[PDB]
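Notes follow once the structure below has been shown.
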Amino acid sequence: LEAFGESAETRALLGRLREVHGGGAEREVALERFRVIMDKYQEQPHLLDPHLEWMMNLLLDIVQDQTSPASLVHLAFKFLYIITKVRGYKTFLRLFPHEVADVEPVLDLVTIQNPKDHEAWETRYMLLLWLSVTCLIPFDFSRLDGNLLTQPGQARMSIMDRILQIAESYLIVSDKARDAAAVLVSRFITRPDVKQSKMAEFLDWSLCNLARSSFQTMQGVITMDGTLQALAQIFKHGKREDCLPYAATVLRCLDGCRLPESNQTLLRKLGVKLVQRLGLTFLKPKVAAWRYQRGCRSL
Amino acid sequence: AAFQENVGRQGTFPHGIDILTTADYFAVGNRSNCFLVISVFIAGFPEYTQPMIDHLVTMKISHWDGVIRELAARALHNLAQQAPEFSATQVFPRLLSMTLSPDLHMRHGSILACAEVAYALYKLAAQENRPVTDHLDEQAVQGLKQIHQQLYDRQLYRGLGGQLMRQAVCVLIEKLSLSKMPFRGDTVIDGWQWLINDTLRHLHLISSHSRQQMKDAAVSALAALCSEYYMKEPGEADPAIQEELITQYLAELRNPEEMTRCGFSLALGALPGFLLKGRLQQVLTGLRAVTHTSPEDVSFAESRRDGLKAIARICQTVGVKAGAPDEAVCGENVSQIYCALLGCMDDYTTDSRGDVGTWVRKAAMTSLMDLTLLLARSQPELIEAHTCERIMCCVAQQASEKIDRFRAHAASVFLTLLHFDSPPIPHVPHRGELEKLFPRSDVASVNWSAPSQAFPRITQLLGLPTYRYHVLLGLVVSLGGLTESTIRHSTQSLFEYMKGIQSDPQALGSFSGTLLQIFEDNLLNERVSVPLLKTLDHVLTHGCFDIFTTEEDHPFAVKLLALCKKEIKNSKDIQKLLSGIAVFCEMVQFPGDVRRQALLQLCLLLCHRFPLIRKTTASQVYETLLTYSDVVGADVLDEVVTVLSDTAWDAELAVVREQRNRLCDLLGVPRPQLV
Amino acid sequence: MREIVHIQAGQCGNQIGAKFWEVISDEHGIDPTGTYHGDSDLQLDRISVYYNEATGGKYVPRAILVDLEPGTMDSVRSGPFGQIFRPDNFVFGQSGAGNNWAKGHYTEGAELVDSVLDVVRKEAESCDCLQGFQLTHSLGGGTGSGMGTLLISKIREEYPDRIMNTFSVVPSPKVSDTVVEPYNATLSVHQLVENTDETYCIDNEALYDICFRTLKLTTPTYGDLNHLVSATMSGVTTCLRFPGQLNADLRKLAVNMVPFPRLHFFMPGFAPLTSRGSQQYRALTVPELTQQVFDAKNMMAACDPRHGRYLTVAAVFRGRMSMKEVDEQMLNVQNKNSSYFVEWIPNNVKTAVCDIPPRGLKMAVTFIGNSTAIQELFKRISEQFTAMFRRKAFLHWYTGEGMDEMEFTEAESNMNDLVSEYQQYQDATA
Amino acid sequence: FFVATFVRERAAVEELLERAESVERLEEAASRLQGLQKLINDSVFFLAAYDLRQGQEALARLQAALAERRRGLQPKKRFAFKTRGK
Amino acid sequence: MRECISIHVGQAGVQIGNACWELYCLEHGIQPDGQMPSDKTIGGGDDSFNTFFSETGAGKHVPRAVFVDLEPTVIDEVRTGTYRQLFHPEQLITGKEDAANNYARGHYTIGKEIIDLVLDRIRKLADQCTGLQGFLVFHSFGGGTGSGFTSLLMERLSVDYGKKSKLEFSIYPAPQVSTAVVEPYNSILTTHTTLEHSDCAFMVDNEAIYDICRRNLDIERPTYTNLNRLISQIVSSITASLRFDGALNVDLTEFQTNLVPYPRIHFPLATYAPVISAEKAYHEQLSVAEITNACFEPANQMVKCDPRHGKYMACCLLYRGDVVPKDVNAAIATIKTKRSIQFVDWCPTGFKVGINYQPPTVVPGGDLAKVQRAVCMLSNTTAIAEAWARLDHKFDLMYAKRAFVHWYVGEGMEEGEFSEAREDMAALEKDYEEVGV
Ligand SMILES: Nc1nc2c(ncn2[C@@H]2O[C@H](COP(=O)(O)OP(=O)(O)OP(=O)(O)O)[C@@H](O)[C@H]2O)c(=O)[nH]1
Ligand SMILES: Nc1nc2c(ncn2[C@@H]2O[C@H](COP(=O)(O)OP(=O)(O)OP(=O)(O)O)[C@@H](O)[C@H]2O)c(=O)[nH]1
Ligand SMILES: [Mg+2]
Ligand SMILES: [Mg+2]
């Protein structure tokens, strides 16, 4: 192809989600048509860049409406996940809203989600990613919280503690949402205020989970995988002088998990990945002095 | 990609731009191009001639796959004209030492490389009015004259591994004989003759999967060796060598083994014209017997195939000549060939596998396609009128069978023999109508293999009285098949065609007669009888012969009833019985004495030997009684239907004979006797 | 031979694969967690044929989810039973194969087959004695066809003596609207006849006609197609998942249902026909089930058994019933409808009974036939293939990826010779 | 005869490995494995599938045993920088 | 004193051998563990029952059987059954891969890997015997393993123990109990392979047993459990001479001399009578003349043939119960004067009478009743050849179309073997027809 030709059809299909959400007779056909139309650009997702901004505005206005039922908001979350897997989350979530006012609403949505609802997992996944986008704000969570002692007795939970609890609860699920949590770990525990109040705690919990997990049970393996992914994200998107004071302790727990003898190929990869990020924490980045004199950027 | 990066970032690769513009993301996609085209272009420079050939000779030629070995051999052949000295001085001796290695694949690859190098050197020397011995020194001539001999010394030709050595030796002999070598009058030629003869005398010992190949590889090698060494003078041959070969091959066409027969048949169709001059009638009489079917050669279907293939092959070698029965195709031998070719058409063999005859009926269709055409390019007068009409009728008949594959070949042959205008055919029944029905422009886009795009067009040939019978026979044998799509498309075309003749009486008085002649032509054949009854039943159920039902005792039904009596009488299979009971209950509609005779026949069949046949006949009688009207009078139909629905046709015979007699008495029909 | 490895390529193959696993888990009592909770010892007598024992008495699947893109891989992992599989059994890429057989058989597939043959040898290593293979893919899609046929060839080249069985899903213009699906289908056949040993024909046109005309559906969806494909899979493999003497292993089933090397295409059938959210309280008798299972309407392929001759027939009756009545009904069906059965392979109709009926049905019946009428499923493909190949349409997609017209010629010739052999064997001794 | 000679060579290789205490012991043992592989790959044009599978399994087991023996007799030292080699 | 060595290979072969051993010990009083209270001599063995049982210095009476299976299924049942303490772990051989109904896969592939193991067990067991008579092999033509591994073992024994008899008890295929369409090919193959390696083999038409179970025993769906209980009784009645103090067929050579005149014609016809159900046990007692007249009825015959059409070459009868020689002689004379029994012109026309005063025995809870007297008539009749005739009808219709032939070609087996076996069967049929003149 060369450009997007199915513009009116896609627009009509996106403007039809408000009359095909109750009964599933016209809900499955719409999803099938959308998937068939989007799969044609699986190899050329760059040809969708100029259409993925207006499609996200139409999809966001439906989920942001308070009068949008659960079945209607979940339908808009499936299309968003489809667009993400088609184009790419790195290039799609970057355009999502990132203002300050979008910090409290989004989080609230994440609180009204049932992890035991496989019929709407796409809602629990994409949502998490959107949260990770609202941690790129240059303010603190204490300023947004304001006064927490507004109610008698029962105090209000800060946004930082809520995000930490949500991340700790979803890094140990089997579904695709654990992965999303790893995105929040690289956007929440790497913040300036969150690191100062959620780095010792998050690193003591991860070590405990690594120490009391087996690679011979289904759950323990999931918890170990989630912890390894979180540690890798922390060591990658984190600083070297904030993460270096912990790289010896982590290396030890990793070596103790006797992974090079497991028959779990994905655990070994995560262990190797975590072994190279910890190692690069012990040495300062250097710059190729040999550039600007051996070839251009392109050919 | 690595080469492109190195050429773009360093620019130190010799001929980087050239090897980068020719070999790219698109041109490199094809492996054949990379191994034959791009290879020569890249080796054209002196910086890639030695290493490329070295790698091809010390790796690719010794691969573990025959396809890769053949590709490397072809690459070396193509790269043998950019480096004759290196191919005749460092690579050729390099291969002579590897041809004797213990490894089988290595020996095969080395033999192929040597043959290719010899062929390339011969082709290069031919373009300079010089012999091939100049490049191939005495050393090369010796080793090449020791490949076949040494192999036989180690009984290396035995076994599956020996089959590949046999094929390699055959290819080498073919290449050496095509390159014109100075091996005339040496024991090497006798040894080669022996090996070719053994390969064909033992084809039944060759894997069926890799058989047809080893036989088309031994006949080809025989055609080059007998055209470069069996030649005493221009246009002649050694009398002694011509008397031993033909006598040996014509005495092997009557072997008891079928594979040997086929091998000798193709070994007799590759003989040069200088070696058939003086004894062509003998070979002709030999293959004629090889393509015939005797009481003992009923299952020899593959023999006739290769016989017909060889027969036409010798007609195209010797050409046509006036006054020369022993040397070429004159008018004294043109009639016998046509008779032998049209004797194989009526060849349907339903052996354990199925219509093995389709293979013999296919080959014949080709032999004529190469005969009538050949004469059309020289002596078109020999193409008789009756013989050509019979050929055109047989082709039209074969172009309507139930086998899509063979029905696509017949249509292609017909189109190749009808459109032919270079020059066109002298006698083609209705050549103007055929041209109008088959526009040359809208012919290349017709999928004859698909029934949908084949039946609607072939059915239009019924309008020609000449091909009417032969097309109706094909449509009949194709309608009574078993495939759903085929029968559906045949019935649709038949109904869309009979609409224009149903109203016309004379049209329904010519087609009906033709169909009844096909019933008298094919009665008790068991190939056309079964499908012809089903077609008649379908035509009667559709309601086509309605204008004749008004007349009483019409000759058509009068003879159809006698034919059905002669056919259905004395049977066993249930399909024929059911098909016969259907035709009878459909023909009952015709009034007159024919109605009474059909009712009597139905009452007789009612008490068949099998209870299932009895129940089927009872049901069909009840159906044809409740459907038609005026078939039973005197208000006796109520009692008839009651005694038919009450009588249990699944009981014994002594209990149902009384009910049959009562029904006959109630219908006014004589009661058959019991002896 | 007591462990079978499961594989699934393409979106449809993975979906058909995930449905069959869920069905056999619900029938065996294995909840999504992995613990046994059924109510019959027979469910555990043959549980090691598809599952593996793990600490805590858990039953881990033995499947391998394979794809070239991540959509279907995330859809199955998040399904109701998604947690059951192994996190390192999901092997996929990012770009797909774009409905091109070449892209899925020579580029992305040729690159991911390395990792695919890593998990495959991981499952074969945890098998006392491998018995065979059971792949689930489609012949229409590019990735599902190309890379999946590339995995059959690699397994046949690696494992010398191992049975190969597949569940090919033939596409249909009524379901999809893609033009290059005839080419993606023909080539696949050219591989199966020369690679796979057993192959079930599940035509999409037959499913569409059964869902639109029989079940009464205005817009049959892919959810209805997977509801008919999973039931057929559960019915045809009921002998390998429970005790039995007829076809307990794959080698016996092949020897009994494969009279010739090239001829091994079996059209399956299941009765009574049902749909999602439908409970039939009426329990059909044994004669009614035997008469309905042989009906062309209950066939998963677009071929009429009456317009052909049978070669090998295998029937299974699941439900509490009597064996004498079933045997008498089978004998009566063989005697009455005797013209539809070749008389040159004596005892070519087998019948089996099981005491574990499917879920939601008290009486079920199955049919795995080897009639020559299946040739009709290929003739249709032939017409489309020839019509699209003679004018050269969308051919640059293949020739530009290493392929050439020689492969299409070869596949067309192989398929055409398979039709002629079927027609000849149908008229043996005519 | 092919199966007989294959079993004989396998038993010989096993006996040689069971008593391997030199690099020459293991190096000669790793040249009988090459010969066996070359023989088998040149005989798959007339052998059955079960025999080929058995030969492949035997070759894999022998290669694993040879690798274990090489790792045991020759324990590769851990990685260490070349700083202050002398 | 001499002792035999029995062998049971395959699913049908081992399942019948288990019931036979159960019935043998059931009659000898040998407890399930192996202790025989009736035996007063410990360590010494020289009685009639020692032909099929050895004795340890504790008392245990071990059988002389060789249970070999190519898959762990039937062997596990006997290993964790009731008589697992009766046999030793070494005598219970087991393999892995199954032949899956294929003579080639069992004779040139999965059978040439475990033959040596079975042969080493057949040598260790024989070393503990001062005298050996022969080998009683139990197999089946339907199972490919019973056609391949059994034939290989017989061929190897013909070379090893080249001076010992090899009596056989094959099982003939039937459609009501069958699970393979390739049972005629393997049957013809094993028949052609064993024709030149056996002395006397008794056939067991599964159709006859099914009919006897559905009519006499009054069973709606006879199962392999009921068939094994009815065939074990006949197997024991036939081998009753080799386990009791009798006077007929005491040795294996006696069988060949009294029932196998022509070396190639060694397929006698066996019959057993009476066969009354357990419900009709205490009803009526049939005399010797009552069970001798029913023996000739095709309903009781083991093979579905018509001996009345053909003639006989040899005949013998073995009784069990309170049978008097005078009554048996009178019944035989009456049957000869009534029925028109014809014998071959060059063959001796006499009946070998052999009475056994021991009463019959049946397993508790079985469908067979404890009859007061039973008889097993073995007569070599040419009508049995008809049983092979129909079998050839299943070999020409399929082999003509080259059906299921690739399974043997791809397993190392040649194609000419089928033609050779068919020619051998045709020659055997021609010899049978010539003997009828
Ligand atoms: N029955 C059924 N057919 C399906 C399903 N999904 C796809 N198909 C059919 O499969 C064909 C398309 O192949 P896909 O499975 O989408 O192909 P793939 O394996 O994903 O390959 P690429 O699309 O090239 O990446 C068409 O004929 C569809 O109708 C499904 O769930 N059920
Ligand atoms: N009478 C009787 N027949 C049996 C028995 N078991 C199997 N059969 C019959 O034997 C034939 C098949 O032989 P099996 O014993 O099952 O086969 P096998 O010898 O184990 O062979 P493979 O499994 O192929 O290696 C069929 O005709 C069965 O009906 C049994 O216990 N008794
Ligand atoms: Mg896809
Ligand atoms: Mg068995």
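Structure determined by electron microscopy, 2.2 Å.
Any Cβ shown, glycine's included, is placed from N, Cα and C.
Long-range neighbours of the motif 'MREC motif' (E:1-4) within the same chain, counting only residues 6 or more positions beyond its ends whose Cβ lies under 8 Å from a Cβ of the stretch, are 45-46, 50-52, 54, 64, 129-136, 242, 251-252. Feature annotation from Swiss-Prot assigns motif 'MREC motif' to E:1-4; the stated evidence is similarity to another entry.
Its own atom aside, the Cβ of E:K40 (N6-acetyllysine) has 7 Cβ atoms within 10 angstroms in the protein chains shown. Classification of E:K40 (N6-acetyllysine) by DSSP places it in coil, neither helical nor stranded. According to Swiss-Prot, the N6-acetyllysine annotation covers E:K40.
Remark: E:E71 (Mg(2+) binding site) has E:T94, E:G95, E:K96, E:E97, E:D98 as non-local neighbours, by Cβ distance under 8 Å and separation of at least 6 in sequence. Annotation comment: Swiss-Prot describes E:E71 as Mg(2+) binding site.
There are 16 other Cβ atoms within 10 Å of the Cβ belonging to E:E254 (active site). Annotation note: E:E254 (active site) sits in a helical segment as assigned by DSSP. Swiss-Prot lists E:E254 with the feature active site.
Per Swiss-Prot, omega-N-methylarginine is recorded for E:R339. In this structure, E:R339 (omega-N-methylarginine) belongs to neither helix nor strand by DSSP; it is coil.
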Cα distance (Å, whole number) from E:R339 (omega-N-methylarginine) to E:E254 (active site): 28
For the motif 'MREC motif' (E:1-4), the number of residues DSSP places in helix, strand and coil: 0 helix, 2 strand, 2 coil
Cβ atoms near E:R339 (omega-N-methylarginine) (within 10 Å, other residues, all chains): 11
Alpha-carbon spacing, E:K40 (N6-acetyllysine) to E:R339 (omega-N-methylarginine), which is rounded to whole Å: 49
